Amino acid sequence: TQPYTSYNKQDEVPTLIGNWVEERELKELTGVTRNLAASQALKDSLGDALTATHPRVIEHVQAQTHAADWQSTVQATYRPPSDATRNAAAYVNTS
Amino acid sequence: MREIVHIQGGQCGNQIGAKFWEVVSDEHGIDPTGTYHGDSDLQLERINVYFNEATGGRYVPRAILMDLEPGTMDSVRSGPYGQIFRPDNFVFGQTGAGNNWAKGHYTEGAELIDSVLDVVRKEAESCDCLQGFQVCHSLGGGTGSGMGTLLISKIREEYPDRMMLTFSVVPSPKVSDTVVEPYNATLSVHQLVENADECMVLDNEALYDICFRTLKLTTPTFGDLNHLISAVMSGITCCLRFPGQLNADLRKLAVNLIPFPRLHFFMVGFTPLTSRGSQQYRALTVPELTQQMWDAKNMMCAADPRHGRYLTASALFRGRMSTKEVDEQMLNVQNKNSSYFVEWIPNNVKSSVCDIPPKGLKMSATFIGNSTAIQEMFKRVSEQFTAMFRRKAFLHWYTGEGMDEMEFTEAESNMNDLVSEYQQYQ
Amino acid sequence: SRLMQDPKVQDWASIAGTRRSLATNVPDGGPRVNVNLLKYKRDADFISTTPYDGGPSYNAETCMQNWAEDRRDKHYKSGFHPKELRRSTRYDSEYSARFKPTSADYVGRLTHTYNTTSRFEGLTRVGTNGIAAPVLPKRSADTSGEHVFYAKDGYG
Amino acid sequence: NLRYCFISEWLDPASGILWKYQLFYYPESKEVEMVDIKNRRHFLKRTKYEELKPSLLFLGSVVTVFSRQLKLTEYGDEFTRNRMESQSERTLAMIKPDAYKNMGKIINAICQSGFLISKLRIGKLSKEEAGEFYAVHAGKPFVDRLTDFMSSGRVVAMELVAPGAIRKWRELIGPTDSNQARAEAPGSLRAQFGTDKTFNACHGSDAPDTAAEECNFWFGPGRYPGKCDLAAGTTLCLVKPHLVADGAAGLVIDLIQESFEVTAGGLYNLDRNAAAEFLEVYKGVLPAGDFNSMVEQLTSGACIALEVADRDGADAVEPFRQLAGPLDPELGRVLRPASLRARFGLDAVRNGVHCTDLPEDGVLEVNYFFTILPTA
Amino acid sequence: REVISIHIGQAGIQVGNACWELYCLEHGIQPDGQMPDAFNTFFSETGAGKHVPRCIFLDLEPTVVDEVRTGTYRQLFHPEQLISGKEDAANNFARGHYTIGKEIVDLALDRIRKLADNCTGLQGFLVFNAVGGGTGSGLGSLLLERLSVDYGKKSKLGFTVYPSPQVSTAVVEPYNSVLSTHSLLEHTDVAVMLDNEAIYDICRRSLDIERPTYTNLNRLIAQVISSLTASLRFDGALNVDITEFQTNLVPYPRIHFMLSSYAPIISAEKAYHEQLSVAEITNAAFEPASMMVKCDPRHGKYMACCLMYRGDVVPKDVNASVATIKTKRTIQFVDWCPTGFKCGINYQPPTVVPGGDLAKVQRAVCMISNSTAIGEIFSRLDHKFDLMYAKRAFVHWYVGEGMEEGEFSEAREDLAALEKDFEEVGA
Amino acid sequence: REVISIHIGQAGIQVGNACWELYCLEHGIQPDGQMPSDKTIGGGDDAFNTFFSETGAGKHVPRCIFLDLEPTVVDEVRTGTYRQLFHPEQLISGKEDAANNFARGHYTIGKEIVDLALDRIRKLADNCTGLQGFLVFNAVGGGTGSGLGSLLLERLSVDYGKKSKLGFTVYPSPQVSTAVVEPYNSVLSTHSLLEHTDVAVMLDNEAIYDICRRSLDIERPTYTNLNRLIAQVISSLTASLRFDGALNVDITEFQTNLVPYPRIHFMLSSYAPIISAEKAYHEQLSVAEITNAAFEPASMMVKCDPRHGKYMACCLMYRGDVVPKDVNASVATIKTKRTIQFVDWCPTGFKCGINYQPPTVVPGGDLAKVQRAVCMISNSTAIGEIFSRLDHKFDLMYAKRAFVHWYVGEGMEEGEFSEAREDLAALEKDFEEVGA
Ligand SMILES: Nc1nc2c(ncn2[C@@H]2O[C@H](COP(=O)(O)OP(=O)(O)OP(=O)(O)O)[C@@H](O)[C@H]2O)c(=O)[nH]1
Ligand SMILES: Nc1nc2c(ncn2[C@@H]2O[C@H](COP(=O)(O)OP(=O)(O)OP(=O)(O)O)[C@@H](O)[C@H]2O)c(=O)[nH]1
Ligand SMILES: Nc1nc2c(ncn2[C@@H]2O[C@H](COP(=O)(O)OP(=O)(O)O)[C@@H](O)[C@H]2O)c(=O)[nH]1
Ligand SMILES: [Mg+2]
Ligand SMILES: [Mg+2]
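Residues numbered from 1 in each chain as written, not as in the entry; some residues may be left out. Chains lettered and ligands numbered in written order. Part of a larger assembly, values for the part shown. Heavy atoms only, no water.

Per the deposited record, the coordinates in this entry were obtained by cryo-EM to a resolution of 3.4 Å.

Under the annotation held in the PDB entry, chain D carries the name FAP67 and is attributed to Chlamydomonas reinhardtii. Listed in the archive, the entry goes by the title "Natively decorated ciliary doublet microtubule".

Under the PDB entry, the name given to chain A is FAP143, and the organism recorded is Chlamydomonas reinhardtii.

Looking only at helices and strands, one finds four helices and one strand in chain A. The order of α-helices and β-strands along chain A, N terminus first, is α-α-α-α-β. A globule of 95 residues ought to have a C-alpha radius of gyration of about 12 Å, yet chain A, at 24 Å, is considerably larger. Accessible surface, chain A: about 5,600 Å² in total, of which carbon and sulfur atoms supply 51%. The average position of the 8 basic charges and that of the 11 acidic charges among the side chains of chain A differ by 1 Å. (Helix = DSSP H or I, 4+ residues; strand = E, 2+ residues; numbered from the N terminus. Rg over C-alpha atoms; globule rule 2.2 N^0.38 Å. Areas by Shrake-Rupley, 256 points an atom, 1.4 Å probe, with all protein chains shown as cover. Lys, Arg positive; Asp, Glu negative; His and termini not counted. Charge placed at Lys NZ, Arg CZ, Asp CG, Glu CD.)

Here we come to the site of ligand 1. Close contacts around ligand 1 come from 21 residues, with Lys252(B), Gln10(E), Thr135(E), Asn196(E) and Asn218(E) the closest. Close to ligand 1, residues of chains B and E are found. At a separation of 3.1 Å, an oxygen atom of ligand 1 approaches a polar backbone atom of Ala11(E). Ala90(E) is positioned with one of its backbone polar atoms (N or O) 3.0 Å from an oxygen atom of ligand 1. Protein contacts shield 95% of the accessible area of ligand 1, which totals 620 Å² for the unbound molecule. Of all the elements in the fold, those that place two or more residues in the shell around ligand 1 are α1 (9-26), α5 (135-150) and α8 (214-233) of chain E. (Near = heavy atom within 4 Å. Polar contact = N/O pair within 3.5 Å; in protein donor to acceptor, adjacent residues only side chain to side chain.)

Take the interface of chain B and chain C next. Taken together, the four residues of chain B in the interface contact six residues of chain C. The junction of chain B with chain C conceals about 310 Å² of combined surface from both sides, 33% of it contributed by carbon and sulfur atoms. Considering only the side of chain B, the residues that lose the most area to chain C are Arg320(B), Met321(B) and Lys362(B), jointly responsible for 89% of the buried surface there. There are zero salt bridges connecting chain B and chain C. Inspection of the chain B/chain C interface yields two residue pairs in polar contact. (Contact = heavy atoms within 4.5 Å. Buried area = accessible area lost by both parts, 1.4 Å probe. Salt bridge = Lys/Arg side-chain N within 4 Å of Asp/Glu carboxyl O.)

Let's shift gears to the site of ligand 3. All names here are of chain B. Looking at ligand 3, there are 15 residues lining it, with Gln11, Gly142, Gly144, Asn204 and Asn226 nearest. Between ligand 3 and the protein, one listed contact pairs an oxygen atom with a backbone N or O atom of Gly142 at 2.8 Å. When the free accessible area of ligand 3 is taken as 570 Å², the share hidden by the protein chains comes to 87%. Looking at the shell around ligand 3, the elements with two or more residues in it are α1 (10-27) and α7 (222-236).

This next bit is on the sheet that holds strand β9 (residues 310-318) of chain B. Residues and elements named next belong to chain B. Spatial ordering of the open sheet is given by β4-β1-β5-β6-β7-β8-β11-β9-β10, a layout of nine strands whose pairing is mixed. Here the strands that pair on one side only, and so sit at the sheet edges, are β4 (63-66) and β10 (349-354). Neighbouring strand axes in the sheet, compared pairwise and without regard to direction, differ in orientation by 20° on average. Examined bridge by bridge, strand β1 (residues 2-9) and strand β5 (residues 129-138) share seven bridges and lie parallel to one another. Residue pairing in the sheet places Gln8 in a bridge with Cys136 of β5. Sheet contacts for helix α3 (residues 101-125): β1, β4 and β5; angle to β4, the most-contacted strand, approximately 170°. (Pairing = 2+ DSSP bridges. Axes fitted to C-alpha atoms, helices over the stretch in contact; angles between N-to-C directions.)

A few words now on the UniProt feature "binding site: ATP" (unreviewed entry) in chain D. All names here are of chain D. Listed under "binding site: ATP" (unreviewed entry) in the UniProt record, and renumbered for this structure, are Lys96, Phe142, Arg170, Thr176, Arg190 and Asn200. Here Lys96 is to be found in the loop between β7 (90-92) and α2 (103-113). For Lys96, a relative accessible area of 5% gives the class buried. Along the chain, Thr176 falls in the loop between α5 (165-173) and α6 (179-184). Owing to a relative accessible area of 40%, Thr176 belongs among the partly exposed residues under this scheme. What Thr176 contacts, discounting residues up to four positions off in sequence, is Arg170, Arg190, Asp196, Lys197 and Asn200. (UniProt positions renumbered as here; feature names shortened; annotations may be inferred. Buried < 20%, exposed > 50% of the residue type's maximum accessible area, 1.4 Å probe, protein only.)

What follows is the structure in structure tokens.
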């Protein structure tokens, strides 16, 4: 419903009050917990609009498909017939 | 081939558009310096839809930027992917509207709309086969709603055969930014029911509760919401940009979702959305995408679909998939909670598949529901408009600009007629 | 390059986009997917030699389904030598052991003919297991062999 | 709990379909197992076979489990890869014409000391290609005379693979001088069969690259240098996969060289189709089952082909066939103990060697093995 | 003897992309165009060492077409024989029939005319399309009409892709299917339905592929087409041509709608399992679990069936199996027509594709029947068209393109008339 | 064949923290959740599928939920070594403890936490396909594991019912006890543990103390060692599902072979050979001696005397290198011996089981690698003596109405106290009747 964050004000989550668990996961991934402004304010003018915001909103490190793996279904299903080698069992030529 | 001309109005439209062109530039693998640096050749074949080759691979976007205060222009150019927009697309006033629909639609529009019409024309005949226009703006502000709506009227007058999508945020009671939200919302939606083709309603509260629950962020700044709305926009336009098993263009979605000409206010969703700490629980299969897709807490509008009936729905899938599982999942979600769907239309759900997931994903989907629960939102606005108009509050800053009272009576009557038609088909 | 060494690639160029799931994981299977559609009933009379029903037929090596008229055909080759010329322990029918060709001269005639013609008449048709593949008719007019005017060659 | 995981393909003759099986070998329990890559289903429960030899797999061979000739095409796991690539090391170990008269003894010394002859050929080089080999020593008059000497006799060129192959082999050679090694360590081969520093016999390689190019020269993708072959009066002898597996090839090569002069030789795997076509003489001669067993045994791994000749130069088939003894390994052993099929022939289909039996086909078979097999 | 094939829409050219893969593999043509006389019905020989198909792909979205142009078969297809409009019809019959058709179909038929002129012994046309869309239904019907007014007497075999009852991908396919069938009646000569649910059930039941995509469907549809063209392509004991479907299966000029089947649908492990014979596959070609159209012929009566056989088929056995079928009383024929079978045999067995899930079979059967369960199908679609039209839903899209409600009402009454016909015939 | 496990209480999730450690090292899974990159998992290896569901590629999440009210032990797990094994949405945690108060744990906080437990166990069972049943872990002496554990069992029985629920409970020892009101909590737990679970195995603490004192000759144990050998017993009993044996049993067998009456389901467990690294070198461990070793009270998990009772049935898991001839000979020798006696009316009282894979060791553990092991699960009337023993000390504290004002202050009354007391009395009468 509502998050409770009155601790861990600094850019580090030592204590386990509040939702430390996803905060901790985010900290390993981007190095900034909560708002990117807090970290810069501690490090110390500029604002907090400049945020990476990709790994925070949408990204799945395990299921990411690199652009090397990008192939349309027609490409992946109509391989050149003579040298296709992407399948385990194929009837081998047996003169 | 088919060309989408992007238009951004006001503060909300400019910042959302800034994130949008960031995502699109990401998905076509161009660096913020303007040259191609991707690897797959799947991307060079469909950049004509969203960019133009200038010289030496300088792919500049086909976007128009519109506002009245240099604060938004500086926020556009200060961020990365700022110096790829054409300097002649920084068409831009100097005075500022400030939450006045009359100022944004009669005074400032009077001398700004002609120059942006010169720019939109030039950028329109610069390409060959228009697919349509895509506009992102707000409804509470002045320079976005009024100016943008006047542009919508002008372009739908000149080019009447091209599609038109509007991504417009609507106000909320608990999160109410300005004070004249009903005075601007009512007049804009009154003009949108006549001129815009289809409107995909956004709001801040639903996005806000989404970053609460599904994403479990501690402080969801605007950059996160802008990325979510931008993710939805890319999920819409994925069909023209990438090959698929069943392509579905913008017109294809409009005919499969609009049964009546005034009946075109959708609600939108996006999947998958999980936290950083729980990215590992979930597998990426059709059931786990669908249970999240039809969840009411994943709507990007504050209208409970369980409080009405779906008229039509559409799902745009991305990534290599199995169409059997796609369709049987749509059939199950149509048969199980059968009361929440309309009776006199079989097969309410249109589906489509394209083979390229968004970068960083494996298999994603985008949901567009033309439901009847949107009358809840319009009644939420109308009761506030009647409460204000009952005693003429804040009215003179509109009356003294050229607008009269029958404009407000027309807006209220139309919105009331529209919610009556939604209630009829429920 | 390593298609079967690591699975994520296995997913990558699997057509569906995902690899085949484990047997326990699949929700529907077993008794439902059985392909028993290719089923028929053979009505067999008490002494019918060959079936007209159209069901599959055993090989000529197996002693059933009009085997006799086949064994006694001219373009039929057996991968093993005939019983009359066999020689060892191990798989001698009682009858066969005690009843052998009495006359060595007759054995000589028999062996001459068998060796010169039938022992190596055909060998390509003999498979790896030793069971000769049936000649498969090709073309509408192809005839397996002469049936009507049977005594095409006389006197030998 | 140890696994050695390989990818190995098998094509059923009946369906003519080649599929890859993942083959796990547990060397602790002498146990074997395999799964199907395509359907993700078990193919063997995890049966304990222990029939196979942990020296016999080496990523190249054909393993036989429940009558399935399946060859190991690739290393399944990086852990297995590292562990095996640590074992396999390439070396060239050609002999010189001096001890060629006792090559089988030397080869037996090799197989007992611990190695694996993956490739083997016997040929005499003319002076041109003789200079092609040993090219990096083109300036030395010493080597300028060696490049002539080496081209006189018949030279065995054979590869060796084993853990620390370069080191172990160069050790078993002994220093370039023969006599001082006779004085130091007589067990070294170059000390055991060496005349002088220039008439050493047991050449090898010293660096990985300077072994790579030499093996490429001798074996190569499609190279066949210095072919030595005779026209007629010489028979063939096939040392079967059995004896090359158990290394007994050394025990038979000298056993036949004491009475006859080997003219050519080679170790090369051969296909079923090629193997079956070669034994066509025995189709109508033998029962189908036994002929099948013979052909599959011949296609069950590497095999050596000695092109046996005679001393007088009259004929080889007759004396050599008696030398082989009766075809049955067991029948020959009771009354013909001097024959080699009795000495190290195992059983009916697992007999020792194969010898041509009709004097008409000696030249046919040898020219088949030494012209038509390599050039195809 | 030559036959040309046309492919319309997103479904038409994807099925064609599987079909022309099979043809190249069956006649051993490399995907770059040259072999390493029976091919003369599909591939013309240009110059020396080069074969170019007698086909046209056409669509209004250029995406999938130039996806073929950059696919594996780049040198094989004629550059010109891939027609591509610049923008979609978007599930709209009127848009696909009046707006863009008027500028695409002239170039299309001006291309097919010189395809036919380069040909010499044209048997007929053979069209693949889907009626649920806008591109395939709209200008597919428009081109079908204009081919009928041009040649007419040449037969036109139509293999259409209908909407299934419950599994569905679009919303307005009722409207598009109805407005399509009104011309599918009077211009197609032999129409063969190809559903999608039935083939999903086949792929999940027989070939046990648990996550099937459209490609697997397209592959076994290609198997069916190549199986019923095999008679013209190769020499067999009992050959049939394209004119036979016209005669031996269409008893009345307005009843030409077929149920299709194919057997044996068997994977790579069950071929070892089962002992394939003519009797059981002739039986298996008749159960509803092996039909390519989701309907039950137990509710109807057969009118006429045709049976192609490929591979090692002896006529004594096929005659015996159909005898047991005729004497079997589980299925029933109509009495109006007593001898309702037609066989046909070709010698070559069907081929496999590397990566296909169908195993190398010795013999296969393609059954094309006629029944009245199709009359049940059109009613099942009629009811759900009435539910939607009663409220005037989605009508403004079509009228905005230029049409009216008259064509709706007359196409509705047309299908109603055809309903009366199948009821009268089934009697 | 899949089975999921819920851990309710301070004791339960500490047992689980030892159990899942045992499981991942049994299947060679590194604590981060995936196998070592060096070796490759077999393509068709579903051995780990019974507990671990492979999400995506190279990740195995256990089918279990740790849930409790106090956050101390739970977030200890979240910061421990197995952070990556359980990602953090299954680890349900409350905000304030029930604090040894059955009423507070069954009525006050249960109403807030149980719905979240149910609708999480729902989607776990929805990921599941061939669900065999559930198995729960709790110590009925505490408050959290007792109260909401009873509530969770009640609502699970009304949700599924037909699926078996293996309850591994920890009863309080007679003399060694760390709580004061655990008699109250134990009687109130049993009032529902009777009519909810199907198969309920008792594990006392003083018995395990005496085991590690005697056989493992550890003079001073901590809870690490106790939970370690408990995990050995659980893993030994589920190895019939995970690994193919010569003669395997599933979860449903104990439902049939071990429970003769729908109310008599309480099983004394034991394990052998519980042996250190030195006794092992000196002593050979064959089948006959471990079968004997499984029957003396000096190796049982509940401090009771089986000589005072008569066996209703017995079950023997054998793991490792065991042929069926000598287990057959051993049970023959046991049946002919007269030191122990089975109940007269059932002649056949054994349920043998043989599995191939031997038990493995844990790094830093005290148990050596043995070629074979035995897990005995029996049923007798000694349990009927145990319940009377707990009943006596319950009545003694109830006679003065001590500690009752806390429960009534929560909202309960005297009716449930009287009815639980008479419920155990009826239970006592039923054991005394059946034992005759
Ligand atoms: N079996 C099968 N059906 C297909 C295939 N491709 C498309 N379809 C069917 O086509 C129907 C929709 O029409 P589409 O082909 O997608 O599009 P269209 O017919 O070209 O019409 P437009 O979308 O306006 O271009 C869907 O219901 C699919 O069932 C395919 O490859 N195989
Ligand atoms: N076997 C075993 N038993 C334990 C362990 N820790 C506590 N116990 C037992 O648990 C009983 C008390 O309940 P606890 O588990 O400590 O706490 P609880 O059940 O969660 O109840 P609350 O303290 O109110 O939360 C004691 O009598 C102990 O015997 C352990 O690590 N192993
Ligand atoms: N999600 C999101 N909403 C915004 C952003 N900028 C403005 N808004 C919304 O827009 C409304 C006010 O719009 P406003 O700036 O006055 O429009 P304008 O003045 O006409 O340009 C507020 O309710 C904000 O919630 C943004 O970057 N992201
Ligand atoms: Mg289409
Ligand atoms: Mg506790």
